[PDB]
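Input: a single structure, listed below in structure tokens.
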Amino acid sequence: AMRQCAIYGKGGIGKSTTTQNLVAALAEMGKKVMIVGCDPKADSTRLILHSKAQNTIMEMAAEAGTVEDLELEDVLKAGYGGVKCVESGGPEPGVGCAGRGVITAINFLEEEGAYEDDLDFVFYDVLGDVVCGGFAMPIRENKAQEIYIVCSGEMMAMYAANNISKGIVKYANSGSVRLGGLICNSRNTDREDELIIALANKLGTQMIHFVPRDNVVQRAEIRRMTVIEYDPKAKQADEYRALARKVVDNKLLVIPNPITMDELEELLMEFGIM
Amino acid sequence: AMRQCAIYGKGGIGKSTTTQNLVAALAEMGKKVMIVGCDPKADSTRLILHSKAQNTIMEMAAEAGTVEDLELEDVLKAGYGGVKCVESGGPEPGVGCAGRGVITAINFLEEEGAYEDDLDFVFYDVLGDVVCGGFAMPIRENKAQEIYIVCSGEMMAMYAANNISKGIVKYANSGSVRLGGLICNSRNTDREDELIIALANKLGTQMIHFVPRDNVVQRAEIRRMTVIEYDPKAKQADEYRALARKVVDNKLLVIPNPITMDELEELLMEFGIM
Amino acid sequence: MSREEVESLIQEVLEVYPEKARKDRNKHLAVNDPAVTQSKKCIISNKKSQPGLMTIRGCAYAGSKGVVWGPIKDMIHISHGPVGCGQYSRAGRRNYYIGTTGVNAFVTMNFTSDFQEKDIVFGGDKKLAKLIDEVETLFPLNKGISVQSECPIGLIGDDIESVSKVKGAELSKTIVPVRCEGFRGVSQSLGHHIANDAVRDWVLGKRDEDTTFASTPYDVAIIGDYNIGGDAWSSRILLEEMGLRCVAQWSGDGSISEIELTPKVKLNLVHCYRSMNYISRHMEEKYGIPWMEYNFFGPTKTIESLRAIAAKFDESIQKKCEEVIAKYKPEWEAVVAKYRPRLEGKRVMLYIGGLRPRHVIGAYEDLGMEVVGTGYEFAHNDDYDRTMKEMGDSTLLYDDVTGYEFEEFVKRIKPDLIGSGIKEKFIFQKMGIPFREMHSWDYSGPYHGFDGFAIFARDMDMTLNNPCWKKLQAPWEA
Amino acid sequence: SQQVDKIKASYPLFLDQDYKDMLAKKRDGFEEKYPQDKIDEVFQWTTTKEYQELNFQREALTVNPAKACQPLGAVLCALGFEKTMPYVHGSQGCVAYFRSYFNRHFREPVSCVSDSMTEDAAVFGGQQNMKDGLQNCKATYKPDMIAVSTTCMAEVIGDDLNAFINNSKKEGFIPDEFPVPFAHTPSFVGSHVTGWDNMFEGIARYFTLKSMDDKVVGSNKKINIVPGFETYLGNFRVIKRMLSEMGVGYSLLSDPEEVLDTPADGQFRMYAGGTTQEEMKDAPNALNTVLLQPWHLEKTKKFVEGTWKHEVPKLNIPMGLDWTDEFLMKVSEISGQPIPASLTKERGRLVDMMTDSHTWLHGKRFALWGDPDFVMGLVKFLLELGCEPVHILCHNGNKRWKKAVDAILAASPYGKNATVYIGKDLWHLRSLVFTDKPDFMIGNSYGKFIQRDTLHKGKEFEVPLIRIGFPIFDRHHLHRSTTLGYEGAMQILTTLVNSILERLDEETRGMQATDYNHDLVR
Ligand SMILES: Nc1ncnc2c1ncn2[C@@H]1O[C@H](COP(=O)(O)OP(=O)(O)O)[C@@H](O)[C@H]1O
Ligand SMILES: Nc1ncnc2c1ncn2[C@@H]1O[C@H](COP(=O)(O)OP(=O)(O)O)[C@@H](O)[C@H]1O
Ligand code: ICS
Ligand code: CLF
Ligand code: SF4
Ligand code: ALF
Ligand code: ALF
Ligand SMILES: [Fe+3]
Ligand SMILES: [Mg+2]
Ligand SMILES: [Mg+2]
């Protein structure tokens, strides 16, 4: 049991918001979920905890000497739907090493048995710019077995998704992690469905769901809540419920086959006009 | 002459696209500019060179021994309108250490004299997730003088801009680097301009030329060029001309006074509702 | 002298520090009082070093590669990262071994990946795999490969575990990844812990489903003895002279086969509690093997420990132990009768890593020498708890002492002899105080057992009573 | 057992019968080692040419490197300044290792501090570490200057030394005018000599870069001497003596000879001598700057030519006859002083020793390694003596240095059988001395193991080691020797010829077998 998934994608493509709304919909379906935020910004758990995470692994480790003098209950907290939430800390921008922060946080969670429960889903929300091995820590062996990439129809996000696929390939071969599929967070440029499904087909994966872009998400996040908790009768809430159900029953698990820059630009020139 | 600017902001907020369009606008005004991409994704010079910059400092250095064996002409290449383009290299995602690569590339540019005379602008397009000191290499002493933070009305974008300001504070006090202003990329949010203006006032800065969201940008960039090359008479091209003009005539250079999470939430309730 | 004066000395020494550093360092200096039940109220340890204070501590790489893994003879230990760490650690520690270096033994060799800038920027996993292949091609008689991580490996998230697994499966070799990057922990102690965990996870369980080893009831394994100057050997000859079968030695003159055979033994004799108590507890709670701390420093401790170990076996082992004691009695008695008059009443201050600051006090007292000051680089609370029962009344105790602190303590106390490492030796030799290297035995030894005791007494007399110490002041000066 | 009259240390304690029996029983019962025949076969294979081909095809594995990391050289450079504390930003294990290395080489105290960056400092940056470390070091050891280098961790995470030190100054941890020169010294770039160059460039630009306006070249009528990474105290002493005999005003920047040669008189001196800050401030006023070891002072050369505007001469290291002559003539042409009669007589005495010893020196084949400038000087001097430097290895050498040494070898008939290797470690050299055996090898203490290996192939294959270079751990007080100048050439010649003569005496000591050539007069 206990599927472990890692959320990757382009920076600012909506990985944190989408994963938090997905986890809220999952807890709505009676699923015990855990969220690990592998981002130096402790922003992966603002909606679920209804506040900024004030107890990160790195902060509590520095405030108590070393990480070997830390305990699970100091950093692990529960929010909406009983979702247990822990956040990897990290430096303020432009200093330190956030990759090492993520490495230390994941090693602490593993050593302390942060997962040994009646858990059905563990989601690692990673940042956009995977620039070192530490931010690939969630997809190592005995870690997240599925990867979901969040993308959109502007070609920079598509090139990003191709680059994360290139990076993913080495851990897919070295281990058992697999690309479950692509989540499309809408930007509504010209032809988002066609472009994203074509990119997914080229990579050998599916487009598990399409999430529209509406302002109820922003309005809900202003109140520090997920759409599911804010407006359960909203269309976006049902979209997140559909995405959750499609995640639960998903079975496609493929090693990605990234395309070259020339093939990617050919795909854009072919599926990206009118 | 010789104005050194560093483009930062939330991931995927449009730093590279806006930077390239602004650089095209500045070069059409007879100003000699050079773009340094400090992202392991060497995607910050594509719309200027009309192709992906295959040769990067890190890749060339690894192929040709070390960085000392390299030459500027092999990495510094001209493009549309006399815009010199160079890119720091980097590993594929999830491996290595891209911040060290950015440090080494920028040191190589400094040591090789890329910062010659008759160069009005040097723009460092940095990635959105400044995870280490390496990606703060552009704002080191005597490297970049002005910082432009691209933001939007989203809560996450404003939080990222405030976090980046918090990271900037140490370099601003250490050296002479300041925050020129907040370029706004429209995301079509409720009271977007109001939110950006209020956040800029709280930081002690201004919002420089809120940029509208238009698909002419998507089209131009999918045709491997800036909007200026594509449709000079388009509305967004004139907007980029206005942005370039407002950048040239800017004198508000301040050390940001970043606001806490509580003050950020108060800002969101005050200007992010209705 | 006197509990009050040494406290005043501590305060005067601490006076020069900034308030933060003074507040921190006050808790690491104490005056011994056996009226204390828990060292937590007395002295705290195993904490971060104060920056810029010139500490003596090493790193986790030193505690793992330099201390635990390095002494293993038939394994090749690769300092993964830049060139510095392995080069400075190459053959600096005299963990003695028998073998053919470069053919089937590699202890004094320095294997490294020699990271360049491109290895940092683009990762070193492929380079690590190629290095493992080259190690196989050029050293085909090695019986194991360990990858000791340096600081950049820990920083950049190189997946050395994946490389170790894949290459070990491909080559039928034990490849042990040790995440001993130097910035982890505060000292070599976390290096000990990480190395012990690596041994437990990758080596100790290889022969779990194996019963082809004949086991006798008298099987003991020496744990935490690193054969400095042959120490372990000098210890081993005693145990096997009282009937015991020494199946394993950890890890000085150690082979990976002995470590794999350790779970088959019946007793675990731990010399250095600090470095290898982790694996001793693991084996006690998994295989049911009891472990006992012993001490082979000086005749008194050696006899006491031999009788304590014998009491854990049959009557035959006890008779053999008694005959060993009676046989070796005249030799150490002659050593005492020769060297104690030369050393009686001489005061010694010690500063060593984590076991020897308290373990060698009995040996010094066997020669009439009093230990007035002692301290540890990286010991824990339990080590100081054990230290209290061994130190005399109103004796100075220090933890992670700085160069300034230790220099001032020596200036005020004025001991006859100082036992510490290479980084204090010449400082205190220039102050005119005889110095003995208590890590390397000053390139002498062994100091364990009765032969070791003879050597130890000879060295103490040789340095303490050397004529050079009477020539420090020029005759044309007051 | 021990006899109280004659106490045996480990050798020869463990040659006793009971210890030998114990070792044999332990090996038989629990070690499960390869058969002695298998071990002999593998050793013989490792001494072969096919093994050398496999060895030289290595791309990823380094075995027994002949080099160290940059911060070691940075610490050595910083030690050569007056009341200066070396301060390494990063992890403390590095500082412990640097201190132990230099302690074992010099047999002297070596002062150096760390800011003790732990995992939390790695993740969050060591700015707090820098502030507290600078304050603590200044308050505890009262240096007149703290010279800051880096370990690998601080270089990987991009710890901005400039920003950290500036913030420490503005927040009142250290006085604003307290000199804190800094240099980034990544251990994964270059070697220890690169660290020396980087530290010296940082110290130079700290004291000179911002105050060049009131500087005029030659106004002090002195000569700047940059020694580079130097671990022979006699080298500093000989450069000083030769310049002062010449009547030349000089300023030797980074002079560590006093702090590494303090007397034992009941006092410990943490600082002693060293280049004063006023010397570095006045350095741009010098007539010129001469780099003693230019091949690892490239950054210093660029800075001195581009900032101080000194036309740095193209001088090789002043090692051996020709290059000492060139150094003296260049110093003369710069300062205007003539070469005095004492120096001419010293040169003539060097030539006399050369003529006295040429018969034993001529034709001798050598394997040598070390730093590039020292190695090149040794090669040149060996060519001057009629020796053949067959195996010239420099782990931290580069292509341009290799080309220069190849051109030097081509200019002499004794460089015909010589090959220069760069990026090769001492395992490569072990193979080289097995497959193309030289008469001797010259290098640091690590070469002793190679000698051991050669002796295992037989006494006729044994290549004796001559200990010149760094580090030298198994001999005492060799750091006091000299290798530069005529005096250094004389010491090297004496060592070489007497090593040859002692080897020949050993090979002819067998009575009635080889003692017919055991001559009293050589
Ligand atoms: N379906 C969506 N509809 C509208 N806005 C969205 C949607 N998804 C994300 N966003 C908005 O865009 C911003 C993306 O920020 P974030 O979720 O943190 O991305 P990431 O974690 O990948 O960096 C959010 O603030 C959110 O307001
Ligand atoms: N004014 C704009 N109008 C339309 N699209 C934009 C605009 N600015 C940026 N984008 C689009 O948003 C996406 C963000 O990609 P990018 O510019 O590379 O962001 P970043 O450099 O911050 O990572 C791009 O595909 C780009 O086409
Ligand atoms: S392992 Fe430890 S510092 Fe127990 S790291 Fe250190 S060869 Fe010391 S006091 Mo060097 S805990 Fe051994 C030691 Fe003691 S290297 Fe040796 S002498 S008995
Ligand atoms: S605390 Fe320990 S010894 Fe230090 S680096 Fe870290 S593992 Fe190693 Fe290594 S190459 Fe030189 S000595 Fe360092 S600066 Fe890096
Ligand atoms: S790129 Fe990653 S590993 Fe390298 S310094 Fe930045 S956060 Fe650390
Ligand atoms: F804030 Al992001 F990917 F840009 F989590
Ligand atoms: F995703 Al980016 F700069 F390329 F934030
Ligand atoms: Fe000395
Ligand atoms: Mg996120
Ligand atoms: Mg960009």
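In the structure tokens, each chain is lettered A, B, ... as it comes, each chain's residues begin at 1, and ligands are numbered from 1 in order of appearance.
Excluding region 81-91 of chain D itself and any same-chain residue fewer than 2 positions from it, the protein and nucleic acid residues within 6 Å of it, counting only C-alpha atoms, are residues 183 of chain C; 75, 78, 79, 93, 112, 113, 114, 115, 116, 117, 143, 144, 145, 146, 147, 148, 149, 150, 151, 154, 254, 271, 273, 274, 275 and 276 of chain D.
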Residues from the last selection, C-alpha atoms, saved as a PDB file, in the first residue's frame:
ATOM      1  CA  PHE C 183      30.417  18.839   7.999  1.00  0.00           C
TER       2      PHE C 183
ATOM      3  CA  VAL D  75      47.267  28.622   5.035  1.00  0.00           C
ATOM      4  CA  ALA D  78      48.855  33.421   5.212  1.00  0.00           C
ATOM      5  CA  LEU D  79      51.376  32.147   7.768  1.00  0.00           C
ATOM      6  CA  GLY D  93      38.275  18.787   9.899  1.00  0.00           C
ATOM      7  CA  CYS D 112      45.121  28.034  12.106  1.00  0.00           C
ATOM      8  CA  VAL D 113      41.455  28.461  12.999  1.00  0.00           C
ATOM      9  CA  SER D 114      38.158  27.308  11.519  1.00  0.00           C
ATOM     10  CA  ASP D 115      34.672  28.739  11.846  1.00  0.00           C
ATOM     11  CA  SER D 116      33.370  25.167  12.253  1.00  0.00           C
ATOM     12  CA  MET D 117      30.601  25.089   9.661  1.00  0.00           C
ATOM     13  CA  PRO D 143      46.162  38.714  15.514  1.00  0.00           C
ATOM     14  CA  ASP D 144      46.969  41.923  13.715  1.00  0.00           C
ATOM     15  CA  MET D 145      45.293  40.436  10.628  1.00  0.00           C
ATOM     16  CA  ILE D 146      43.046  37.461   9.865  1.00  0.00           C
ATOM     17  CA  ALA D 147      43.616  35.881   6.455  1.00  0.00           C
ATOM     18  CA  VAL D 148      40.546  34.017   5.216  1.00  0.00           C
ATOM     19  CA  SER D 149      40.559  30.976   2.920  1.00  0.00           C
ATOM     20  CA  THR D 150      37.835  28.401   2.223  1.00  0.00           C
ATOM     21  CA  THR D 151      37.172  24.687   2.436  1.00  0.00           C
ATOM     22  CA  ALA D 154      31.932  26.855   1.494  1.00  0.00           C
ATOM     23  CA  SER D 254      54.940  36.127   2.711  1.00  0.00           C
ATOM     24  CA  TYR D 271      53.526  34.718  15.795  1.00  0.00           C
ATOM     25  CA  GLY D 273      58.397  37.676  11.961  1.00  0.00           C
ATOM     26  CA  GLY D 274      56.511  37.712   8.688  1.00  0.00           C
ATOM     27  CA  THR D 275      55.788  40.306   6.024  1.00  0.00           C
ATOM     28  CA  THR D 276      54.473  43.455   7.685  1.00  0.00           C
TER      29      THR D 276
END
Counting only C-alpha atoms, chain D residues within 7 Å of chain A, as a count of residues only: 7
Ranking B:140, B:246, B:251, B:32 by minimum distance to chain A and counting only C-alpha atoms, which one comes first? B:140
Could you name the residues that touch region 29-36 of chain C at 10 Å or less, counting only C-alpha atoms, but leaving out those on the same chain fewer than 6 positions away, as an MDAnalysis selection string? chainID C and resid 2:4 6:7 10:11 14 42:45 372:375 385 387:401 405
Report as JSON lines: every residue of chain C with an atom at most 6 Å from chain A, its closest pair of atoms, and their distance in Å to one decimal, counting only C-alpha atoms, with rows sorted by chain and ascending residue number.
{"residue": "C:155", "atom": "CA", "partner": "A:100", "partner_atom": "CA", "distance": 5.4}
{"residue": "C:156", "atom": "CA", "partner": "A:133", "partner_atom": "CA", "distance": 5.6}
{"residue": "C:157", "atom": "CA", "partner": "A:133", "partner_atom": "CA", "distance": 4.3}
{"residue": "C:158", "atom": "CA", "partner": "A:133", "partner_atom": "CA", "distance": 5.9}
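Among the candidates B:113, B:256, B:167, B:180, the residue lying nearest to chain A is B:167 (atoms considered: only C-alpha atoms).
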Produce as a ChimeraX atom specification the set of residues near ligand 1, where near means within 6 Å with only C-alpha atoms and all ligand atoms considered. /A:11-18,127-128,185,211-215,217-218 /B:154-156
Could you pull out the residues sitting within 6 Å of ligand 4, using only C-alpha atoms and all ligand atoms, and write them as a ChimeraX atom specification? /C:59,61,82-85,150-151,181-183 /D:69,71,91-94,151-152,187
Would you output that residue set with N, CA, C and O atoms, as a PDB file, in the first residue's frame?
ATOM      1  N   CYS C  59      36.759  15.726  11.764  1.00  0.00           N
ATOM      2  CA  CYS C  59      35.477  15.704  11.077  1.00  0.00           C
ATOM      3  C   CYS C  59      34.935  14.280  11.068  1.00  0.00           C
ATOM      4  O   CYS C  59      35.596  13.336  11.506  1.00  0.00           O
ATOM      5  N   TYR C  61      34.487  12.494   8.446  1.00  0.00           N
ATOM      6  CA  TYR C  61      35.334  11.708   7.558  1.00  0.00           C
ATOM      7  C   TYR C  61      36.532  11.138   8.309  1.00  0.00           C
ATOM      8  O   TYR C  61      36.920   9.986   8.090  1.00  0.00           O
ATOM      9  N   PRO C  82      37.229  15.856  -3.474  1.00  0.00           N
ATOM     10  CA  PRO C  82      38.513  16.467  -3.834  1.00  0.00           C
ATOM     11  C   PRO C  82      39.678  15.778  -3.134  1.00  0.00           C
ATOM     12  O   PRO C  82      39.514  14.903  -2.282  1.00  0.00           O
ATOM     13  N   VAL C  83      40.882  16.212  -3.502  1.00  0.00           N
ATOM     14  CA  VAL C  83      42.091  15.457  -3.191  1.00  0.00           C
ATOM     15  C   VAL C  83      42.583  15.639  -1.756  1.00  0.00           C
ATOM     16  O   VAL C  83      43.357  14.805  -1.272  1.00  0.00           O
ATOM     17  N   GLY C  84      42.151  16.687  -1.053  1.00  0.00           N
ATOM     18  CA  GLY C  84      42.809  17.049   0.196  1.00  0.00           C
ATOM     19  C   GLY C  84      42.670  16.005   1.291  1.00  0.00           C
ATOM     20  O   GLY C  84      43.664  15.585   1.890  1.00  0.00           O
ATOM     21  N   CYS C  85      41.437  15.564   1.555  1.00  0.00           N
ATOM     22  CA  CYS C  85      41.158  14.791   2.764  1.00  0.00           C
ATOM     23  C   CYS C  85      41.948  13.489   2.793  1.00  0.00           C
ATOM     24  O   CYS C  85      42.611  13.172   3.790  1.00  0.00           O
ATOM     25  N   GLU C 150      33.301  12.784   1.205  1.00  0.00           N
ATOM     26  CA  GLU C 150      33.806  14.050   1.702  1.00  0.00           C
ATOM     27  C   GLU C 150      32.701  15.099   1.589  1.00  0.00           C
ATOM     28  O   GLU C 150      31.571  14.802   1.195  1.00  0.00           O
ATOM     29  N   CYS C 151      33.032  16.340   1.942  1.00  0.00           N
ATOM     30  CA  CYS C 151      32.014  17.386   2.058  1.00  0.00           C
ATOM     31  C   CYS C 151      31.208  17.610   0.781  1.00  0.00           C
ATOM     32  O   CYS C 151      29.964  17.653   0.863  1.00  0.00           O
ATOM     33  N   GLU C 181      30.414  12.788   5.192  1.00  0.00           N
ATOM     34  CA  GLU C 181      30.840  14.127   4.813  1.00  0.00           C
ATOM     35  C   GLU C 181      31.222  14.918   6.057  1.00  0.00           C
ATOM     36  O   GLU C 181      30.536  14.868   7.081  1.00  0.00           O
ATOM     37  N   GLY C 182      32.337  15.643   5.959  1.00  0.00           N
ATOM     38  CA  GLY C 182      32.983  16.176   7.146  1.00  0.00           C
ATOM     39  C   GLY C 182      32.128  17.133   7.949  1.00  0.00           C
ATOM     40  O   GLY C 182      32.285  17.232   9.167  1.00  0.00           O
ATOM     41  N   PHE C 183      31.214  17.844   7.292  1.00  0.00           N
ATOM     42  CA  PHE C 183      30.417  18.839   7.999  1.00  0.00           C
ATOM     43  C   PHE C 183      29.304  18.235   8.842  1.00  0.00           C
ATOM     44  O   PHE C 183      28.681  18.965   9.618  1.00  0.00           O
TER      45      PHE C 183
ATOM     46  N   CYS D  69      45.317  20.048  -1.539  1.00  0.00           N
ATOM     47  CA  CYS D  69      44.236  20.942  -1.925  1.00  0.00           C
ATOM     48  C   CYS D  69      44.582  22.395  -1.608  1.00  0.00           C
ATOM     49  O   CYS D  69      45.442  22.688  -0.774  1.00  0.00           O
ATOM     50  N   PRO D  71      43.387  25.083   0.088  1.00  0.00           N
ATOM     51  CA  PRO D  71      43.484  25.766   1.389  1.00  0.00           C
ATOM     52  C   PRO D  71      44.759  25.468   2.162  1.00  0.00           C
ATOM     53  O   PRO D  71      45.156  26.294   2.984  1.00  0.00           O
ATOM     54  N   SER D  91      34.578  23.741   7.100  1.00  0.00           N
ATOM     55  CA  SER D  91      34.561  22.679   8.094  1.00  0.00           C
ATOM     56  C   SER D  91      35.899  22.581   8.820  1.00  0.00           C
ATOM     57  O   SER D  91      36.962  22.814   8.242  1.00  0.00           O
ATOM     58  N   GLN D  92      35.830  22.222  10.105  1.00  0.00           N
ATOM     59  CA  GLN D  92      37.003  22.214  10.972  1.00  0.00           C
ATOM     60  C   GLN D  92      37.928  21.024  10.735  1.00  0.00           C
ATOM     61  O   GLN D  92      39.122  21.113  11.054  1.00  0.00           O
ATOM     62  N   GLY D  93      37.413  19.917  10.196  1.00  0.00           N
ATOM     63  CA  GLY D  93      38.275  18.787   9.899  1.00  0.00           C
ATOM     64  C   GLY D  93      39.382  19.151   8.931  1.00  0.00           C
ATOM     65  O   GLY D  93      40.510  18.663   9.044  1.00  0.00           O
ATOM     66  N   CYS D  94      39.077  20.034   7.980  1.00  0.00           N
ATOM     67  CA  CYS D  94      40.094  20.526   7.060  1.00  0.00           C
ATOM     68  C   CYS D  94      41.224  21.211   7.813  1.00  0.00           C
ATOM     69  O   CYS D  94      42.401  20.964   7.540  1.00  0.00           O
ATOM     70  N   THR D 151      37.231  26.114   2.700  1.00  0.00           N
ATOM     71  CA  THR D 151      37.172  24.687   2.436  1.00  0.00           C
ATOM     72  C   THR D 151      36.233  24.435   1.260  1.00  0.00           C
ATOM     73  O   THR D 151      35.614  25.353   0.718  1.00  0.00           O
ATOM     74  N   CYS D 152      36.118  23.168   0.859  1.00  0.00           N
ATOM     75  CA  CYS D 152      35.336  22.842  -0.328  1.00  0.00           C
ATOM     76  C   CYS D 152      33.849  23.100  -0.113  1.00  0.00           C
ATOM     77  O   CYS D 152      33.147  23.502  -1.048  1.00  0.00           O
ATOM     78  N   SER D 187      39.044  23.513  -3.289  1.00  0.00           N
ATOM     79  CA  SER D 187      39.947  22.371  -3.318  1.00  0.00           C
ATOM     80  C   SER D 187      39.798  21.546  -4.588  1.00  0.00           C
ATOM     81  O   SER D 187      40.726  20.818  -4.950  1.00  0.00           O
TER      82      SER D 187
END
Please identify all polymer residues within 8 Å of residue 189 (chain D), counting only C-alpha atoms, omitting same-chain residues fewer than 2 positions from it, and present them as a PyMOL selection string. (chain C and resi 116-117) or (chain D and resi 70+185-187+191+194)
Any idea which chain D residues end up within 6 Å of chain C if we count only C-alpha atoms, as an NGL selection string please? :D and (2 or 4 or 9-10 or 30-31 or 43 or 60-64 or 68-69 or 91 or 93 or 96-97 or 108-109 or 113-116 or 118-119 or 133 or 136-137 or 153 or 188-189 or 264-268)
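The strand (DSSP E) portion of region 351-476 of chain C consists of residues 370, 371, 372, 373, 374, 375, 376, 396, 397, 398, 399, 417, 418, 419, 420, 435, 436 and 437 of chain C, with states taken from DSSP on the backbone.
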